[PDB]
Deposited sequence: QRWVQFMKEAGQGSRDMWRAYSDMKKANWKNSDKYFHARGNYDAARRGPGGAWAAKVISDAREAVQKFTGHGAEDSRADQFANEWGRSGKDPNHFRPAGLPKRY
């Protein structure tokens, strides 16, 4: 169903935004890989529409960052999460458990 796909995409996009926002709040050493994986994991957890949303938002973020005023590691972390593997694989010591 198209409607269900679009619903999941909307939920997933909010998950990706929550990952961004948390990353900015945490302001933490060597956590970028974790939040990349967490955003994608959360979003794909919604279903195909969420996983689709994770993928295109991920690629846009990567693009804009190469429009800069370790991409391969970022994309690896994105897909680690998007495929359902535990984002805490990349968790740095000390990162508050709220994240």
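- When the deposited sequence is numbered from 1, the segments without any C-alpha atom are 1, 71-74.
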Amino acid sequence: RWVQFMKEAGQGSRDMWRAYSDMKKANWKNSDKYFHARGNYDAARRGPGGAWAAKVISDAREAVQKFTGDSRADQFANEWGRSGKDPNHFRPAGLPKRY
From here on, numbers count along this sequence of modelled residues.
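- A summary of the deposited B-factors shows that, of 17-25 and 84-92, the stretch with the larger mean C-alpha value is 17-25.
- Taking only CA atoms, the mean B-factor in the PDB entry is higher for 8-16 than for the other of 8-16 and 75-83.
- By the numbers in the PDB entry, the CA B factor is greatest at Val64 among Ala43, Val64, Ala37, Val56.
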